file coords-v3.csv (CSV, C-alpha atoms and all ligand atoms)
chain,number,residue,atom,x,y,z
H,81,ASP,CA,40.6,-78.8,-49.8
H,82,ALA,CA,40.8,-78.1,-53.5
H,83,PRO,CA,43.5,-75.8,-54.8
H,84,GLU,CA,40.6,-73.7,-56.2
H,85,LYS,CA,39.1,-73.4,-52.8
H,86,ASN,CA,42.4,-72.4,-51.1
H,87,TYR,CA,43.3,-70.1,-53.9
H,88,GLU,CA,40.0,-68.1,-54.0
H,89,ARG,CA,39.8,-68.2,-50.2
H,90,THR,CA,43.3,-66.7,-50.1
H,91,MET,CA,42.2,-64.0,-52.5
H,92,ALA,CA,39.2,-63.2,-50.1
H,93,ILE,CA,41.6,-63.0,-47.2
H,94,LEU,CA,44.0,-60.7,-49.1
H,95,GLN,CA,41.1,-58.4,-50.1
H,96,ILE,CA,39.9,-58.1,-46.5
H,97,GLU,CA,43.4,-57.6,-45.0
H,98,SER,CA,44.5,-55.1,-47.7
H,99,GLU,CA,41.3,-53.1,-47.1
H,100,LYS,CA,41.9,-53.1,-43.4
H,101,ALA,CA,45.6,-52.0,-43.9
H,102,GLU,CA,44.6,-49.1,-46.2
H,103,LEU,CA,41.9,-48.0,-43.7
H,104,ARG,CA,44.5,-48.1,-40.9
H,105,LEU,CA,46.8,-45.8,-42.9
H,106,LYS,CA,43.8,-43.5,-43.6
H,107,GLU,CA,42.9,-43.6,-39.9
H,108,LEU,CA,46.4,-42.4,-39.0
H,109,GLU,CA,46.4,-39.7,-41.6
H,110,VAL,CA,42.9,-38.5,-40.5
H,111,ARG,CA,44.1,-38.4,-36.8
H,112,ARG,CA,47.2,-36.4,-37.8
H,113,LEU,CA,45.2,-33.8,-39.8
H,114,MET,CA,42.5,-33.5,-37.2
H,115,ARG,CA,45.0,-32.9,-34.3
H,116,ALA,CA,47.0,-30.5,-36.5
H,117,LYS,CA,44.1,-28.4,-37.8
H,118,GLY,CA,41.3,-29.0,-35.2
H,119,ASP,CA,38.6,-28.8,-37.8
H,120,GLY,CA,37.2,-32.3,-37.5
H,121,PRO,CA,34.8,-33.9,-35.0
H,122,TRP,CA,37.7,-35.4,-33.0
H,123,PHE,CA,40.0,-33.4,-30.7
H,124,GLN,CA,37.2,-30.9,-30.0
H,125,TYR,CA,38.4,-29.9,-26.5
H,126,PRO,CA,35.8,-27.9,-24.6
H,127,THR,CA,35.4,-24.1,-24.7
H,128,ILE,CA,32.9,-21.9,-22.9
H,129,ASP,CA,29.2,-22.1,-23.8
H,130,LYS,CA,27.8,-18.8,-25.0
H,131,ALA,CA,24.3,-19.7,-23.6
H,132,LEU,CA,25.8,-18.9,-20.2
H,133,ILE,CA,26.3,-15.2,-21.2
H,134,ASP,CA,23.7,-12.8,-19.8
H,135,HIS,CA,22.6,-10.3,-22.5
H,136,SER,CA,20.3,-8.3,-20.2
H,137,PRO,CA,20.7,-4.6,-19.8
H,138,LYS,CA,23.1,-4.3,-16.9
H,139,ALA,CA,23.6,-1.7,-14.2
H,140,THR,CA,26.2,0.5,-16.1
H,141,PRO,CA,25.8,1.0,-19.8
H,142,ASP,CA,29.4,0.7,-21.0
H,143,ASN,CA,29.6,-3.1,-21.5
O,1,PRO,CA,46.5,-0.5,-32.9
O,2,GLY,CA,44.6,2.6,-33.9
O,3,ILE,CA,44.2,6.1,-32.7
O,4,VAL,CA,41.5,6.5,-30.1
O,5,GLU,CA,39.0,9.1,-31.3
O,6,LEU,CA,38.0,11.6,-28.6
O,7,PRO,CA,35.9,14.8,-29.1
O,8,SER,CA,37.6,18.1,-28.7
O,9,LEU,CA,37.2,20.4,-25.7
O,10,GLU,CA,34.9,22.7,-27.5
O,11,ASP,CA,32.6,19.7,-28.3
O,12,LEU,CA,32.1,19.2,-24.6
O,13,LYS,CA,31.3,22.7,-23.5
O,14,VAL,CA,27.7,23.0,-22.3
O,15,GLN,CA,26.0,25.1,-19.6
O,16,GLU,CA,26.2,22.8,-16.6
O,17,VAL,CA,23.6,22.4,-13.9
O,18,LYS,CA,25.6,24.1,-11.2
O,19,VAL,CA,23.5,23.2,-8.2
O,20,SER,CA,24.3,20.9,-5.2
O,21,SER,CA,23.1,17.4,-4.6
O,22,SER,CA,20.5,18.4,-2.1
O,23,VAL,CA,19.1,20.9,-4.6
O,24,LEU,CA,18.9,18.0,-7.0
O,25,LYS,CA,17.4,15.5,-4.6
O,26,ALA,CA,14.8,17.9,-3.4
O,27,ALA,CA,13.6,18.5,-7.0
O,28,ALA,CA,14.2,14.9,-8.0
O,29,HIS,CA,10.6,13.6,-8.3
O,30,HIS,CA,9.4,16.5,-10.3
O,31,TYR,CA,12.5,16.3,-12.4
O,32,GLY,CA,11.7,12.7,-13.2
O,33,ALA,CA,8.2,13.7,-14.1
O,34,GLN,CA,8.7,16.8,-16.2
O,35,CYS,CA,12.1,16.0,-17.7
O,36,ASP,CA,11.1,12.4,-18.7
O,37,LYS,CA,11.5,12.5,-22.5
O,38,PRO,CA,15.1,13.8,-23.2
O,39,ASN,CA,16.4,11.9,-20.2
O,40,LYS,CA,15.0,8.6,-21.4
O,41,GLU,CA,16.1,9.3,-25.0
O,42,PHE,CA,19.6,9.9,-23.5
O,43,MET,CA,19.6,6.7,-21.4
O,44,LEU,CA,18.3,4.7,-24.3
O,45,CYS,CA,21.1,6.1,-26.5
O,46,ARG,CA,23.5,5.4,-23.6
O,47,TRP,CA,22.6,1.7,-23.2
O,48,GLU,CA,22.3,1.2,-27.0
O,49,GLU,CA,25.4,2.9,-28.2
O,50,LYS,CA,27.5,1.6,-25.2
O,51,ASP,CA,29.8,4.6,-26.0
O,52,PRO,CA,29.5,8.1,-24.5
O,53,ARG,CA,31.1,9.7,-27.5
O,54,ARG,CA,28.0,8.8,-29.5
O,55,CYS,CA,25.8,10.2,-26.8
O,56,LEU,CA,26.9,13.8,-26.4
O,57,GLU,CA,24.2,15.6,-28.2
O,58,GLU,CA,21.3,13.8,-26.5
O,59,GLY,CA,23.3,14.4,-23.3
O,60,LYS,CA,23.3,18.1,-24.1
O,61,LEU,CA,19.5,17.9,-24.4
O,62,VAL,CA,19.5,16.6,-20.8
O,63,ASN,CA,21.6,19.6,-19.8
O,64,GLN,CA,19.2,21.7,-21.8
O,65,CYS,CA,16.1,20.4,-20.1
O,66,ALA,CA,17.3,20.3,-16.5
O,67,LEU,CA,18.1,24.0,-16.4
O,68,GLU,CA,14.7,25.0,-17.9
O,69,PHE,CA,13.3,22.8,-15.1
O,70,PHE,CA,15.0,24.9,-12.5
O,71,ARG,CA,14.3,28.3,-14.0
O,72,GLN,CA,10.6,27.4,-14.1
O,73,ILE,CA,11.0,26.7,-10.4
O,74,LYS,CA,13.1,29.9,-10.0
O,75,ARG,CA,10.5,32.1,-11.7
O,76,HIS,CA,7.5,30.9,-9.7
O,77,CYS,CA,8.3,28.9,-6.5
O,78,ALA,CA,11.9,29.9,-5.6
O,79,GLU,CA,11.3,30.4,-1.8
O,80,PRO,CA,9.4,27.2,-0.8
O,81,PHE,CA,11.9,25.2,-2.9
O,82,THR,CA,14.7,27.1,-1.2
O,83,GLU,CA,13.4,26.2,2.3
O,84,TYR,CA,12.8,22.6,1.2
O,85,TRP,CA,16.3,21.9,-0.2
O,86,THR,CA,17.8,23.7,2.8
O,87,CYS,CA,15.9,21.3,5.1
O,88,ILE,CA,17.0,18.3,2.9
O,89,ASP,CA,20.5,19.8,3.0
O,90,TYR,CA,20.7,19.8,6.8
O,91,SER,CA,20.6,16.0,7.1
O,92,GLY,CA,23.5,13.6,6.7
O,93,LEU,CA,21.7,10.9,4.8
O,94,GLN,CA,19.4,13.6,3.3
O,95,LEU,CA,16.2,12.1,4.5
O,96,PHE,CA,12.9,12.8,2.8
O,97,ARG,CA,11.1,11.7,5.9
O,98,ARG,CA,12.5,14.5,8.1
O,99,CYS,CA,11.2,17.2,5.8
O,100,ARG,CA,7.6,16.4,5.0
O,101,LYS,CA,6.1,19.8,5.8
O,102,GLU,CA,8.4,21.7,3.5
O,103,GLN,CA,7.7,19.0,0.9
O,104,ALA,CA,4.0,19.5,1.3
O,105,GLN,CA,4.4,23.3,0.9
O,106,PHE,CA,6.6,22.8,-2.1
O,107,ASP,CA,4.2,20.3,-3.8
O,108,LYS,CA,1.3,22.6,-3.0
O,109,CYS,CA,3.0,25.7,-4.5
O,110,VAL,CA,4.1,23.7,-7.5
O,111,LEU,CA,0.7,22.1,-8.2
O,112,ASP,CA,-1.0,25.5,-7.8
O,113,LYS,CA,1.4,27.7,-9.8
O,114,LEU,CA,2.7,25.2,-12.4
O,115,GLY,CA,0.4,22.2,-12.3
O,116,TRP,CA,2.9,19.4,-11.8
O,117,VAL,CA,1.8,16.2,-10.1
O,118,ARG,CA,4.5,14.6,-7.9
O,119,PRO,CA,5.1,10.9,-9.0
O,120,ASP,CA,3.7,8.4,-6.5
O,121,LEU,CA,5.5,5.5,-4.9
O,122,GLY,CA,6.4,3.2,-7.8
O,123,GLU,CA,6.1,5.4,-10.9
O,124,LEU,CA,9.7,6.6,-11.5
O,125,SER,CA,11.0,3.0,-11.5
O,126,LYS,CA,8.9,2.0,-14.5
O,127,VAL,CA,10.4,0.8,-17.7
O,128,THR,CA,9.0,3.2,-20.4
O,129,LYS,CA,9.0,3.1,-24.2
O,130,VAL,CA,10.9,5.8,-26.1
O,131,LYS,CA,10.2,7.0,-29.6
O,132,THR,CA,13.4,8.0,-31.3
O,133,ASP,CA,14.4,8.6,-34.9
O,134,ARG,CA,18.0,7.6,-34.5
O,135,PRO,CA,18.9,4.2,-36.0
O,136,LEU,CA,19.4,1.1,-34.0
O,137,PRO,CA,23.1,0.3,-33.8
O,138,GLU,CA,23.8,-2.8,-35.9
O,139,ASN,CA,27.0,-3.6,-34.1
O,140,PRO,CA,27.4,-1.8,-30.8
O,141,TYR,CA,30.2,-4.0,-29.7
O,142,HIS,CA,32.3,-3.2,-32.8
O,143,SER,CA,32.6,-6.9,-33.3
O,144,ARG,CA,33.8,-8.8,-36.3
O,145,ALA,CA,33.0,-12.0,-38.3
O,146,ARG,CA,32.5,-15.0,-36.0
O,147,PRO,CA,34.5,-18.0,-37.2
O,148,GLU,CA,32.9,-20.7,-39.3
O,149,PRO,CA,31.8,-23.7,-37.1
O,150,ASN,CA,32.9,-27.2,-37.6
O,151,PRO,CA,30.6,-29.3,-39.9
O,152,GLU,CA,28.0,-31.4,-38.2
O,153,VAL,CA,27.5,-35.1,-38.5
O,154,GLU,CA,25.0,-36.3,-41.1
O,155,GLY,CA,24.1,-39.5,-42.9
O,156,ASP,CA,22.9,-42.9,-41.6
O,157,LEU,CA,25.4,-44.6,-39.3
O,158,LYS,CA,26.7,-47.7,-41.2
O,159,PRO,CA,28.6,-50.5,-39.3
O,160,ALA,CA,32.3,-50.4,-38.9
O,161,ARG,CA,34.3,-51.5,-41.9
O,162,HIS,CA,35.7,-55.0,-41.0
O,163,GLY,CA,35.0,-54.4,-37.3
O,164,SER,CA,37.5,-52.9,-35.0
O,165,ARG,CA,40.7,-53.3,-37.1
O,166,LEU,CA,42.8,-53.7,-34.0
O,167,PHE,CA,45.7,-55.8,-35.1
O,168,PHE,CA,43.9,-59.1,-35.6
O,169,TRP,CA,40.4,-58.8,-34.2
O,170,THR,CA,38.1,-59.6,-37.0
O,171,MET,CA,35.1,-58.2,-35.1
D,1,LIG,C1,19.6,-70.1,-35.8
D,1,LIG,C2,20.2,-69.1,-34.9
D,1,LIG,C3,21.3,-69.7,-33.9
D,1,LIG,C4,22.4,-70.4,-34.6
D,1,LIG,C5,23.6,-70.8,-33.7
D,1,LIG,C6,24.8,-71.4,-34.4
D,1,LIG,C7,26.0,-71.4,-33.5
D,1,LIG,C8,25.9,-72.2,-32.2
D,1,LIG,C9,27.0,-71.9,-31.2
D,1,LIG,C10,27.0,-70.5,-30.7
D,1,LIG,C11,28.1,-70.2,-29.6
D,1,LIG,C12,29.4,-69.8,-30.1
D,1,LIG,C13,30.4,-71.0,-30.3
D,1,LIG,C14,31.8,-70.6,-30.8
D,1,LIG,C15,31.7,-69.8,-32.1
D,1,LIG,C16,33.0,-69.8,-32.9
D,1,LIG,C17,34.1,-69.0,-32.1
D,1,LIG,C18,35.5,-69.5,-32.5
D,1,LIG,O1,35.9,-70.6,-32.4
D,1,LIG,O2,36.2,-68.4,-33.0
D,1,LIG,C19,37.5,-68.8,-33.6
D,1,LIG,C20,38.6,-67.8,-33.4
D,1,LIG,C21,39.0,-67.1,-34.7
D,1,LIG,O3,39.2,-68.1,-35.7
D,1,LIG,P1,38.9,-68.0,-37.3
D,1,LIG,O4,39.5,-69.1,-38.0
D,1,LIG,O5,39.5,-66.6,-37.6
D,1,LIG,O6,37.4,-67.9,-37.5
D,1,LIG,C22,36.5,-68.9,-37.2
D,1,LIG,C23,35.1,-68.4,-36.8
D,1,LIG,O7,34.4,-68.1,-38.0
D,1,LIG,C24,35.2,-67.1,-36.0
D,1,LIG,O8,34.1,-66.3,-36.3
D,1,LIG,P2,34.1,-64.7,-36.0
D,1,LIG,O9,34.8,-64.0,-37.0
D,1,LIG,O10,32.6,-64.3,-35.8
D,1,LIG,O11,34.8,-64.6,-34.5
D,1,LIG,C25,34.9,-63.3,-33.9
D,1,LIG,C26,36.3,-63.1,-33.3
D,1,LIG,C27,37.3,-63.9,-34.2
D,1,LIG,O12,38.6,-64.0,-33.5
D,1,LIG,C28,39.5,-63.0,-33.8
D,1,LIG,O13,39.2,-62.0,-34.3
D,1,LIG,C29,40.9,-63.4,-33.4
D,1,LIG,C30,41.2,-63.0,-32.0
D,1,LIG,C31,40.5,-63.7,-30.9
D,1,LIG,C32,41.1,-63.4,-29.5
D,1,LIG,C33,42.5,-63.8,-29.4
D,1,LIG,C34,43.2,-63.4,-28.1
D,1,LIG,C35,44.6,-63.8,-28.0
D,1,LIG,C36,45.2,-63.6,-26.6
D,1,LIG,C37,44.5,-64.3,-25.5
D,1,LIG,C38,44.5,-65.8,-25.6
D,1,LIG,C39,43.9,-66.5,-24.4
D,1,LIG,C40,44.4,-67.9,-24.2
D,1,LIG,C41,43.9,-68.8,-25.3
D,1,LIG,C42,42.8,-69.9,-24.8
D,1,LIG,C43,43.3,-70.7,-23.6
D,1,LIG,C44,42.2,-71.5,-23.0
D,1,LIG,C45,41.4,-70.8,-22.0
D,1,LIG,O14,36.2,-63.7,-32.0
D,1,LIG,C46,36.3,-62.9,-31.0
D,1,LIG,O15,36.5,-61.7,-31.1
D,1,LIG,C47,36.0,-63.6,-29.7
D,1,LIG,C48,37.3,-64.0,-28.9
D,1,LIG,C49,37.5,-65.5,-29.0
D,1,LIG,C50,36.3,-66.3,-28.3
D,1,LIG,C51,35.7,-67.3,-29.2
D,1,LIG,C52,34.4,-67.9,-28.6
D,1,LIG,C53,34.6,-68.8,-27.4
D,1,LIG,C54,33.4,-69.4,-26.8
D,1,LIG,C55,33.6,-70.4,-25.7
D,1,LIG,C56,34.7,-70.1,-24.7
D,1,LIG,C57,35.6,-71.2,-24.3
D,1,LIG,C58,37.0,-70.9,-24.1
D,1,LIG,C59,37.7,-70.2,-25.3
D,1,LIG,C60,39.1,-69.8,-25.1
D,1,LIG,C61,39.4,-68.6,-24.2
D,1,LIG,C62,40.1,-67.5,-24.9
D,1,LIG,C63,39.4,-67.0,-26.1
D,1,LIG,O16,39.7,-68.6,-32.9
D,1,LIG,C64,40.5,-68.0,-32.0
D,1,LIG,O17,40.5,-66.9,-31.7
D,1,LIG,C65,41.4,-69.1,-31.4
D,1,LIG,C66,40.8,-69.7,-30.1
D,1,LIG,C67,39.7,-70.6,-30.3
D,1,LIG,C68,38.3,-70.0,-30.2
D,1,LIG,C69,37.4,-70.6,-29.1
D,1,LIG,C70,36.9,-72.0,-29.4
D,1,LIG,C71,35.4,-72.1,-29.1
D,1,LIG,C72,35.0,-73.6,-28.8
D,1,LIG,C73,35.7,-74.1,-27.5
D,1,LIG,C74,35.2,-75.5,-27.1
D,1,LIG,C75,36.2,-76.2,-26.1
D,1,LIG,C76,36.2,-75.5,-24.8
D,1,LIG,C77,37.1,-76.2,-23.8
D,1,LIG,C78,37.1,-75.6,-22.4
D,1,LIG,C79,37.5,-74.1,-22.3
D,1,LIG,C80,39.0,-73.9,-22.5
D,1,LIG,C81,39.8,-74.3,-21.4

call {"tool": "encode", "arguments": {"input": "coords-v3.csv", "output": "structure tokens", "more": "lines below"}}
Ligand SMILES: CCCCCCCCCCCCCCCCCC(=O)OC[C@H](COP(=O)([O-])OC[C@H](O)COP(=O)([O-])OC[C@H](COC(=O)CCCCCCCCCCCCCCCCC)OC(=O)CCCCCCCCCCCCCCCCC)OC(=O)CCCCCCCCCCCCCCCCC
result
Amino acid sequence: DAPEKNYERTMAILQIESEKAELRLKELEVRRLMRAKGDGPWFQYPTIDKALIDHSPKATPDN
Amino acid sequence: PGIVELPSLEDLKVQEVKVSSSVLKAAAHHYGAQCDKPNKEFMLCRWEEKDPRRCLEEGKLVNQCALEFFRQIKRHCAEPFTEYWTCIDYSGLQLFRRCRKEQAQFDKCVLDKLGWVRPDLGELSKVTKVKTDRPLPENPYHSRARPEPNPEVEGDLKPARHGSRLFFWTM
């Protein structure tokens, strides 16, 4: 292979792997912030549905 | 937390209906007919406010309208009603079915002297509409601001950047 070919191919390899490394560091920081704050789409552990609640007029009024 | 706010003892004083339960059960159908409107205003206020302290005045109207129901029985048909609630009062379960002749005499004397129709089988269990001027309670549960929900997902789903990015897997 030419030195040009190996050189520019190495630059392509370094671009891809540096972008993957920066995205892995971003992924770790996003996971840490979402577990800490609970405001992202991940770590949304289930709570009770409010569609299960009956809002009909019950038997006794104080409710 | 805060002080609970109760009405005073003078706020709760009203002329009670000092009759027994058989006197009430004997006059129950004509009470549900004639004393419809303040009773339904009260029970509407009672299920809408969900707080008895905001329902006292309407409740006093109930205690105003029941007594005038009984005085109008006492002025006209005191003795057939007295025999009828006595016969109701004899029984343990207070059966209407054991006292049909005194019921017929009471209903006849009431329909002649006062013009009240006894409600039929099915009428007093109806759900009726009530015309009030009090406002609808905007927050009867005394609730507060619900928390802001998490933001939804939006945008077109692009492929994963450089695949899985799991240590060396390039897809
Ligand atoms: C017009 C329309 C139609 C046109 C059609 C045109 C094409 C026609 C052919 C289509 C069919 C596909 C043919 C193969 C395509 C190329 C695949 C390839 O070589 O990938 C290179 C792949 C990555 O190399 P690369 O330099 O980065 O990229 C070159 C390609 O562009 C890589 O490209 P990529 O980036 O897309 O690759 C994706 C990713 C790229 O790879 C990675 O991201 C790296 C990680 C890969 C997995 C590493 C796991 C390590 C731990 C486990 C090791 C197990 C033991 C090792 C093997 C022992 C023997 C069994 O690969 C994977 O995720 C798949 C896993 C590897 C399987 C490869 C396909 C094998 C098919 C035949 C199976 C035969 C047995 C294979 C060996 C069994 C184990 C795999 O090389 C390796 O991972 C090393 C192993 C060699 C690969 C398999 C060789 C295939 C040919 C075998 C013939 C001889 C068989 C003898 C008998 C069986 C063995 C006893």

call {"tool": "closest_atom_pairs", "arguments": {"input": "coords-v3.csv", "of": "chain O", "to": "ligand LIG 1 (chain D)", "cutoff": "12 Å", "atoms": "all atoms listed in the file", "output": "JSON lines"}}
result
{"residue": "O:162", "atom": "CA", "partner": "D:LIG1", "partner_atom": "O9", "distance": 9.9}
{"residue": "O:163", "atom": "CA", "partner": "D:LIG1", "partner_atom": "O13", "distance": 9.2}
{"residue": "O:164", "atom": "CA", "partner": "D:LIG1", "partner_atom": "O13", "distance": 9.3}
{"residue": "O:165", "atom": "CA", "partner": "D:LIG1", "partner_atom": "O13", "distance": 9.3}
{"residue": "O:166", "atom": "CA", "partner": "D:LIG1", "partner_atom": "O13", "distance": 9.1}
{"residue": "O:167", "atom": "CA", "partner": "D:LIG1", "partner_atom": "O13", "distance": 9.0}
{"residue": "O:168", "atom": "CA", "partner": "D:LIG1", "partner_atom": "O13", "distance": 5.7}
{"residue": "O:169", "atom": "CA", "partner": "D:LIG1", "partner_atom": "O13", "distance": 3.4}
{"residue": "O:170", "atom": "CA", "partner": "D:LIG1", "partner_atom": "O13", "distance": 3.8}
{"residue": "O:171", "atom": "CA", "partner": "D:LIG1", "partner_atom": "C25", "distance": 5.2}

call {"tool": "interface_residues", "arguments": {"input": "coords-v3.csv", "of": "chain O", "to": "chain H", "cutoff": "7 Å", "atoms": "all atoms listed in the file", "output": "PyMOL selection string"}}
result
chain O and resi 46-47+50-51+150+162+165

call {"tool": "write_last_selection", "arguments": {"input": "coords-v3.csv", "atoms": "C-alpha atoms", "output": "compact mmCIF listing (two decimals), in the coordinates of the input"}}
result
# COMPACT_ATOMS: atom_id res chain seq x y z
CA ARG O 46 23.50 5.40 -23.60
CA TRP O 47 22.60 1.70 -23.20
CA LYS O 50 27.50 1.60 -25.20
CA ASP O 51 29.80 4.60 -26.00
CA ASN O 150 32.90 -27.20 -37.60
CA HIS O 162 35.70 -55.00 -41.00
CA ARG O 165 40.70 -53.30 -37.10

call {"tool": "closest_residue", "arguments": {"input": "coords-v3.csv", "among": "O:93, O:104, O:114, O:6", "to": "residue O:56", "atoms": "all atoms listed in the file"}}
result
O:6

call {"tool": "residues_around", "arguments": {"input": "coords-v3.csv", "residues": "residue O:89", "least_positions_apart": "4", "cutoff": "12 Å", "atoms": "only C-alpha atoms", "output": "PyMOL selection string"}}
result
chain O and resi 20-26+81-85+93-96+98-99

call {"tool": "atom_distance", "arguments": {"input": "coords-v3.csv", "atom1": "atom CA of residue O:68", "atom2": "atom CA of residue O:35"}}
result
9.4 Å

call {"tool": "atom_distance", "arguments": {"input": "coords-v3.csv", "atom1": "atom CA of residue O:131", "atom2": "atom CA of residue O:40"}}
result
9.6 Å
